[PDB]
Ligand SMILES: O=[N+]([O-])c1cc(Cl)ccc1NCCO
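In structure tokens, the next block holds one chain alone, the form solved without the named molecule.
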């Protein structure tokens, strides 16, 4: 299907669906979101009126089942659920009067923003990162730490591939100076060939990390997104089309960020290195341009 119904909206909440956002008044007859473009992952996210620091939400793919949202009194949270296929369900969810109480997913923008933010993101990879369980959708919130964050402090965590520059996995014995300065071995042998297998899987996790940082204020995800960028930029040897694609991917991401700088969304230190010092800095034409236009404060 392409509708995500809500049982009701008993409490005031700001609802995000992908990059769009609307407010639902307490007990306003609201019964969900209709006309969702099938065949991209999607994310629905929530922020309550009384809670500013806490965002929470669900990544899902409408091709994998029928999902709906139900408010849980115990928890005071909106929860995603799966509903088994059925004629009766279809008939209530597609009823004209019911659909009049739903908000329509906005007609696609000519920049094709969502597709460009999620081109490489795949629901099955998302489930491997977030939690392998009985649900086909994945819960994320502002507080979830990453496996990496969990180790820096020496199952409810974000299992991103750990990208550790100071680690011995980054340095070949006998190449201590070379691999410290040039991350090509780490990027190509360890990460691309060993772990991700290809650049699409690498970009998928980079895109997912970015979206979590942005929609949930998840710092661990911001950390991951920056690390994945810096790993490419600080490698003297990068597969040909990978560099060109990265500039385009980053451009859309920077474009979608809020106008107000936030140090949990953009890392000034890393961005200054990538844009102005890194080996691949010249490959980031479009990204550099929008970064300077949008956030001159951070850059000089």
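Note that the rigid core is defined as the largest set of C-alphas that superpose within 1.5 Å between two forms. Numbering follows the first chain given and starts at 1.
With respect to the deposited sequence, is there a break between residue 154 and residue 155 in this entry, and if so is it 1 to 3, 4 to 9, or 10 or more residues, or none at all?
Count of unmodelled residues in between: 10 or more.
Once you work out the mean C-alpha B-factor for both 288-296 and 19-27 from the entry, which is higher?
19-27 has the higher mean C-alpha B-factor.
Could you check which stretch, 45-53 or 259-267, carries the larger mean CA temperature factor in the entry?
Comparing averages over the C-alpha atoms only gives 45-53.
Highest recorded C-alpha temperature factor, please, choosing from 141, 205, 110, 82.
If I rank 141, 205, 110, 82 by C-alpha B-factor, first place goes to 110.
Could you tell me which one of 168, 94, 183, 127 shows the highest CA temperature factor in the PDB record?
Max CA B-factor in the entry, restricted to 168, 94, 183, 127: 168.
Among all modelled residues of this chain, ranked by Cα B factor, put residue 245 in the bottom, middle or top third, i.e. lowest, middle or highest.
CA B-factor rank for residue 245: middle third.
Where does residue 147 sit by CA temperature factor within its chain: lowest, middle or highest third?
For residue 147, whose C-alpha B-factor we compare with every modelled residue in the chain, the answer is the highest third.
Select lowest, middle or highest to describe the third in which the CA B-factor of residue 102 falls within its chain in this entry.
CA B-factor rank for residue 102: lowest third.
According to the PDB entry, is the CA B factor of residue 179 in the bottom, middle or top third of its chain, that is, lowest, middle or highest?
Lowest third - that is where residue 179 ends up once the chain's C-alpha B-factors are sorted.
Split into thirds by Cα B-factor across the chain's modelled residues, where does residue 71 land: lowest, middle or highest?
Top third by C-alpha B-factor.
What comes next is about the form deposited with the named molecule bound, which is not displayed.
State yes or no: in the bound PDB entry, is some non-hydrogen atom of residue 68 no more than 4.5 angstroms from a non-hydrogen atom of the named molecule?
Yes, contact at 4.5 Å.
Please tell me whether any heavy atom belonging to residue 115 falls inside 4.5 Å of a heavy atom of the named molecule, as the geometry stands in the bound PDB entry.
Looking in the bound PDB entry, residue contacts with the named molecule do not include residue 115, since no heavy atom lies within 4.5 Å.
Given that the partner is absent here, does residue 83 sit within 4.5 Å of the named molecule in the bound PDB entry, heavy atoms only?
Flag for residue 83 set to yes.
Taking the shortest heavy atom distance, is residue 2 within 4.5 Å of the named molecule in the bound PDB entry?
No, residue 2 stays farther than 4.5 Å from the named molecule in the bound PDB entry.
Heavy atoms within 4.5 Å of the named molecule in the bound PDB entry is the criterion; list the residues of 1-19 that meet it.
Contacts from 1-19: 5, 6, 7.
In a fit on the core, which one among 143, 188, 135, 95 has a Cα that moves 2 Å or more between this form and the one not shown?
So the residue whose C-alpha moves 2 Å or more is 95.
Would residue 244 count as moving between this form and the one not shown, using a Cα shift of 2 angstroms or more after superposing the core as the test?
Moves: no, less than 2 Å.
Comparing between this form and the one not shown on the rigid core, is the C-alpha shift at residue 70 2 Å or larger?
Not so; residue 70 is displaced by less than 2 Å.
Taking 2 Å as the cut-off, check whether the CA of residue 197 shifts that much or more between this form and the one not shown after a rigid core fit.
No, the C-alpha position differs by under 2 Å between this form and the one not shown.
If the C-alpha spacing of residue 261 and residue 216 moves by 3 Å or more in the bound PDB entry, is that a move closer or farther apart?
Between the C-alphas of residue 216 and residue 261, the gap narrows in the bound PDB entry (3 Å or more compared with this form).
With a shift of at least 3 angstroms, figure out whether the C-alpha spacing between residue 136 and residue 96 grows or shrinks in the bound PDB entry: closer or farther?
Closer, not farther.
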